[PDB]
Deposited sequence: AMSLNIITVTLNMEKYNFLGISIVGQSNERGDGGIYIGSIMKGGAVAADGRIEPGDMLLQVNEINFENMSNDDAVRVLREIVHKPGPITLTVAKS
């Protein structure tokens, strides 16, 4: 019984996509998780992140109080723009 928080910086120069899908909503009163990891993606290459892991922060953006649409939109814009990508996730 512990909380494991890992920071993973992805090789975005080699892989042009995260290859992940996010599920859930942190929007409602009272989180956002990795639904699935796609092969050929940066997240699959790193191997540390697994499905059911809670997504806390990407780069300088925090996913708290975010709807699924908004959360997907943040990720689209970050992947679209050139640069490195760093995820903070809480292991299930």
Handout entry: Unmodelled ranges, which are counted on the deposited sequence from position 1 and given in order
Key = 1, 32 to 33
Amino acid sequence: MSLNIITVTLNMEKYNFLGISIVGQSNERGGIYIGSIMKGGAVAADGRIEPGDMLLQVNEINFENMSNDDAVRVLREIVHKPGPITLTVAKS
From here on, numbers count along this sequence of modelled residues.
Practice task
Look up the CA B-factors in the entry and say which stretch, 69 to 77 or 19 to 27, has the higher mean.
Solution key: 19 to 27
Fill in the blank from the handout: By the entry's values, the third containing the CA B factor of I85 is the lowest
